[PDB]
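query.txt (compact mmCIF, C-alpha atoms and all ligand atoms) appears below.
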# COMPACT_ATOMS: atom_id res chain seq x y z
CA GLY C 1 1.61 236.48 -62.49
CA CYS C 2 0.34 233.58 -64.54
CA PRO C 3 -0.68 230.27 -62.83
CA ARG C 4 1.96 227.56 -63.65
CA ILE C 5 -0.61 224.94 -64.72
CA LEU C 6 0.13 223.84 -68.27
CA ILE C 7 -2.59 225.10 -70.57
CA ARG C 8 -2.38 225.19 -74.35
CA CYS C 9 -3.54 228.32 -76.08
CA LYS C 10 -3.91 230.00 -79.40
CA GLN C 11 -4.58 233.52 -78.07
CA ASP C 12 -4.14 235.46 -74.85
CA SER C 13 -7.89 235.33 -73.90
CA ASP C 14 -7.57 231.47 -73.75
CA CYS C 15 -5.47 231.84 -70.62
CA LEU C 16 -6.18 232.63 -66.96
CA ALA C 17 -5.72 236.08 -65.36
CA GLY C 18 -2.18 237.38 -65.66
CA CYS C 19 -1.25 235.22 -68.58
CA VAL C 20 -0.50 235.62 -72.21
CA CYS C 21 -0.15 233.06 -74.88
CA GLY C 22 3.58 232.35 -75.31
CA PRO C 23 5.33 231.51 -78.53
CA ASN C 24 5.52 227.92 -77.29
CA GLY C 25 1.64 227.74 -77.46
CA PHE C 26 1.24 227.59 -73.68
CA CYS C 27 -0.14 230.14 -71.23
CA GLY C 28 2.63 232.02 -69.45
CA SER C 29 3.63 235.24 -67.77
CA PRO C 30 4.30 238.09 -70.12
CA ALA C 31 7.93 238.58 -68.94
CA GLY U 1 -1.04 236.74 -57.28
CA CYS U 2 -2.94 233.64 -56.23
CA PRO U 3 -4.80 231.83 -59.14
CA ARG U 4 -8.58 232.32 -58.77
CA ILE U 5 -9.48 228.60 -59.13
CA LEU U 6 -11.49 227.52 -56.07
CA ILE U 7 -9.37 225.00 -54.11
CA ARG U 8 -10.30 223.82 -50.62
CA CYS U 9 -7.37 223.80 -48.19
CA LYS U 10 -6.27 222.91 -44.62
CA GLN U 11 -2.92 224.65 -44.69
CA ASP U 12 -1.01 227.06 -46.83
CA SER U 13 1.14 224.40 -48.61
CA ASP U 14 -2.07 222.87 -50.08
CA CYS U 15 -2.37 225.89 -52.29
CA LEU U 16 -0.74 226.95 -55.53
CA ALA U 17 2.14 229.44 -55.71
CA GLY U 18 1.25 232.88 -54.36
CA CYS U 19 -1.54 231.65 -52.17
CA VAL U 20 -2.39 230.99 -48.58
CA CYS U 21 -5.21 229.11 -46.93
CA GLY U 22 -7.70 231.81 -46.05
CA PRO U 23 -10.16 232.17 -43.21
CA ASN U 24 -12.96 230.51 -45.29
CA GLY U 25 -11.02 227.31 -46.06
CA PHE U 26 -10.19 228.23 -49.66
CA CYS U 27 -6.89 229.19 -51.23
CA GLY U 28 -6.42 232.85 -51.76
CA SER U 29 -4.13 235.83 -51.90
CA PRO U 30 -2.43 236.81 -48.60
CA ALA U 31 -4.25 239.37 -46.42
CA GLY Y 1 -1.55 210.72 -54.13
CA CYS Y 2 -0.71 213.67 -56.34
CA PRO Y 3 -3.17 214.79 -59.01
CA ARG Y 4 -1.92 214.20 -62.55
CA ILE Y 5 -2.31 217.84 -63.78
CA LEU Y 6 0.97 219.12 -65.19
CA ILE Y 7 2.11 222.10 -63.09
CA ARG Y 8 5.56 223.61 -63.14
CA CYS Y 9 7.23 224.47 -59.84
CA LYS Y 10 10.36 225.68 -58.07
CA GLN Y 11 9.54 224.36 -54.59
CA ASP Y 12 7.21 221.82 -53.03
CA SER Y 13 4.78 224.37 -51.70
CA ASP Y 14 4.00 225.44 -55.29
CA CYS Y 15 2.22 222.04 -55.78
CA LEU Y 16 -1.20 220.76 -54.77
CA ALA Y 17 -1.70 218.59 -51.66
CA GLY Y 18 0.02 215.29 -51.92
CA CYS Y 19 2.70 216.55 -54.29
CA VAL Y 20 6.36 217.63 -54.22
CA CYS Y 21 8.39 219.58 -56.79
CA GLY Y 22 10.43 216.97 -58.70
CA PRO Y 23 13.89 217.41 -60.00
CA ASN Y 24 12.45 218.17 -63.49
CA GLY Y 25 10.54 221.27 -62.19
CA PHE Y 26 7.13 219.57 -62.31
CA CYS Y 27 4.81 218.58 -59.47
CA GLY Y 28 4.48 214.92 -58.73
CA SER Y 29 4.11 212.27 -56.09
CA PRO Y 30 6.90 211.80 -53.51
CA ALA Y 31 6.15 208.07 -54.03
CA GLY X 1 -14.71 220.36 -76.38
CA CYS X 2 -12.09 219.20 -73.97
CA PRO X 3 -10.37 221.94 -71.76
CA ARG X 4 -6.76 222.50 -72.87
CA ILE X 5 -5.21 221.83 -69.45
CA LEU X 6 -2.55 219.10 -69.58
CA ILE X 7 -3.82 216.13 -67.56
CA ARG X 8 -2.48 212.59 -67.67
CA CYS X 9 -4.90 209.73 -68.06
CA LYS X 10 -5.08 205.99 -68.39
CA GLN X 11 -8.68 205.94 -69.58
CA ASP X 12 -11.33 208.45 -70.69
CA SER X 13 -12.98 208.60 -67.26
CA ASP X 14 -9.74 210.13 -65.82
CA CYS X 15 -10.50 213.24 -67.80
CA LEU X 16 -12.87 216.16 -67.50
CA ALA X 17 -16.23 216.24 -69.29
CA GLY X 18 -15.93 216.31 -73.09
CA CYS X 19 -12.56 214.65 -73.12
CA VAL X 20 -11.08 211.32 -74.02
CA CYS X 21 -7.71 209.83 -73.21
CA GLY X 22 -5.48 210.38 -76.26
CA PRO X 23 -2.69 208.19 -77.75
CA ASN X 24 0.00 209.72 -75.52
CA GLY X 25 -1.88 209.29 -72.23
CA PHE X 26 -3.18 212.87 -71.99
CA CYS X 27 -6.71 214.18 -72.07
CA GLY X 28 -7.94 215.70 -75.29
CA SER X 29 -10.86 216.25 -77.60
CA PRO X 30 -12.36 213.20 -79.26
CA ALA X 31 -11.39 212.25 -82.85
CA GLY S 1 -18.05 224.45 -73.90
CA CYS S 2 -16.84 225.99 -70.62
CA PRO S 3 -14.98 223.62 -68.21
CA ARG S 4 -16.90 223.11 -64.93
CA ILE S 5 -13.94 224.01 -62.68
CA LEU S 6 -15.03 226.83 -60.42
CA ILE S 7 -12.95 229.91 -61.17
CA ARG S 8 -13.72 233.39 -59.86
CA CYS S 9 -13.42 236.25 -62.34
CA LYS S 10 -13.91 239.95 -62.88
CA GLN S 11 -13.94 239.87 -66.73
CA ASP S 12 -14.31 237.31 -69.49
CA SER S 13 -10.57 237.17 -70.26
CA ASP S 14 -10.00 235.80 -66.76
CA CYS S 15 -11.72 232.56 -67.88
CA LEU S 16 -10.65 229.55 -69.95
CA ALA S 17 -11.48 229.23 -73.62
CA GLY S 18 -15.21 228.94 -74.26
CA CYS S 19 -16.15 230.80 -71.10
CA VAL S 20 -17.37 234.18 -70.06
CA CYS S 21 -17.45 235.78 -66.63
CA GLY S 22 -21.09 235.62 -65.51
CA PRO S 23 -22.83 238.25 -63.43
CA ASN S 24 -22.19 235.74 -60.54
CA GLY S 25 -18.38 236.40 -60.69
CA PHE S 26 -17.75 232.81 -61.88
CA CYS S 27 -16.54 231.51 -65.27
CA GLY S 28 -19.32 229.88 -67.21
CA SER S 29 -20.84 229.09 -70.60
CA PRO S 30 -22.27 231.97 -72.61
CA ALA S 31 -25.62 232.01 -74.43
CA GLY H 1 -7.20 210.75 -53.55
CA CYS H 2 -9.10 213.37 -55.39
CA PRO H 3 -7.77 216.95 -56.00
CA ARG H 4 -9.51 219.54 -53.82
CA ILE H 5 -10.20 221.81 -56.79
CA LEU H 6 -13.92 222.58 -56.97
CA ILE H 7 -15.40 220.95 -60.07
CA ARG H 8 -19.15 220.76 -60.58
CA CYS H 9 -20.44 217.44 -61.71
CA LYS H 10 -23.58 215.61 -62.70
CA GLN H 11 -21.93 212.13 -62.81
CA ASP H 12 -18.74 210.43 -61.69
CA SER H 13 -17.22 210.48 -65.19
CA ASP H 14 -17.21 214.30 -65.01
CA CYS H 15 -14.49 214.07 -62.35
CA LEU H 16 -10.73 213.47 -62.25
CA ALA H 17 -9.15 210.11 -61.41
CA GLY H 18 -9.89 208.92 -57.95
CA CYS H 19 -12.98 211.07 -57.63
CA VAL H 20 -16.72 210.59 -57.64
CA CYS H 21 -19.61 212.99 -57.94
CA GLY H 22 -20.75 213.56 -54.38
CA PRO H 23 -24.07 214.63 -52.91
CA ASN H 24 -22.83 218.25 -52.74
CA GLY H 25 -22.77 218.37 -56.59
CA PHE H 26 -18.93 218.55 -56.66
CA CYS H 27 -16.21 215.98 -57.35
CA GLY H 28 -14.71 214.42 -54.26
CA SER H 29 -13.06 211.41 -52.68
CA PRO H 30 -15.31 208.33 -52.39
NA NA Q 101 1.05 223.97 -52.44
NA NA Q 102 -13.63 212.15 -65.72
NA NA Q 103 -8.92 233.74 -70.45

Would you mind writing the file's structure down as structure tokens?
Amino acid sequence: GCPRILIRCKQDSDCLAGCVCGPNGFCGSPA
Amino acid sequence: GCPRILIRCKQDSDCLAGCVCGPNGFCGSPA
Amino acid sequence: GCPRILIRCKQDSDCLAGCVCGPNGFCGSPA
Amino acid sequence: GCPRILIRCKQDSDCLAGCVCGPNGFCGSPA
Amino acid sequence: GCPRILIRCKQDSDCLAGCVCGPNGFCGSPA
Amino acid sequence: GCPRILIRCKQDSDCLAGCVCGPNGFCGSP
């Protein structure tokens, strides 16, 4: 799954492996 | 999954969620 | 001390060395 | 530019390269 | 523009914003 | 002290709070 470090993002490729960019503008797991 | 950031460790609890302290003294995925 | 990177957690072992999982679900110093 | 990881700071040197300490005590891009 | 945190990768999307996955299997700045 | 995340550095200001740029070229505890 996605690391739980808070990282702001605008798109999914901004995030670490396993993550997508959530509607809150942070990297998160895609569940 | 363990995050793939390189983190030096002594013991498993030094590591982020999903990780253990591997043979080579870095955090990594179990086995 | 606990590094001042914001990381969400469920239990203490989710956090980096020096940190515990606070009642707000973020890593921090046991102080 | 400053990495978009949430990191608390009291002064710019607390942050990663490219970053300054913003008005709310987190690391961010200058200006 | 790539943060200088050492992160191992298999593909560019594994890396933070501004980074690509070098032939070295680490996140780094592109050309 | 300093987090044990590997961060490459040229100077101390490249590092997180409590850290300096050590002779190994990485941020560490002073
Ligand atoms: Na831990
Ligand atoms: Na710094
Ligand atoms: Na990415």

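Minimum atom-to-atom distances from H:23, H:3, H:18, H:30 to ligand NA 102 (chain Q) were compared using only C-alpha atoms and all ligand atoms, and the lowest value belongs to H:18.
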
**Message:** Please identify all residues of chain Y having at least one atom at most 9 Å from any atom of chain U, considering only C-alpha atoms, and return them as a ChimeraX atom specification.
**Reply:** /Y:9,12-19

Dump C-alpha atoms for the selected residues as a PDB file, keeping the file's coordinate frame?
ATOM      1  CA  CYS Y   9       7.230 224.470 -59.840  1.00  0.00           C
ATOM      2  CA  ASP Y  12       7.210 221.820 -53.030  1.00  0.00           C
ATOM      3  CA  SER Y  13       4.780 224.370 -51.700  1.00  0.00           C
ATOM      4  CA  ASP Y  14       4.000 225.440 -55.290  1.00  0.00           C
ATOM      5  CA  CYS Y  15       2.220 222.040 -55.780  1.00  0.00           C
ATOM      6  CA  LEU Y  16      -1.200 220.760 -54.770  1.00  0.00           C
ATOM      7  CA  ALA Y  17      -1.700 218.590 -51.660  1.00  0.00           C
ATOM      8  CA  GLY Y  18       0.020 215.290 -51.920  1.00  0.00           C
ATOM      9  CA  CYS Y  19       2.700 216.550 -54.290  1.00  0.00           C
TER      10      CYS Y  19
END

**Request:** Identify all chain S residues at most 7 Å from chain H by counting all atoms listed in the file; ligands do not count. Present them as a ChimeraX atom specification.
**Result:** /S:4-6

**Item:** Straight-line distance linking CA of residue 30 in chain C with CA of residue 2 in chain X, stated in Å to one decimal
**Value:** 25.3 Å

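One finds atom NA of ligand NA 103 (chain Q) at 17.6 Å from CA of residue 31 in chain C.
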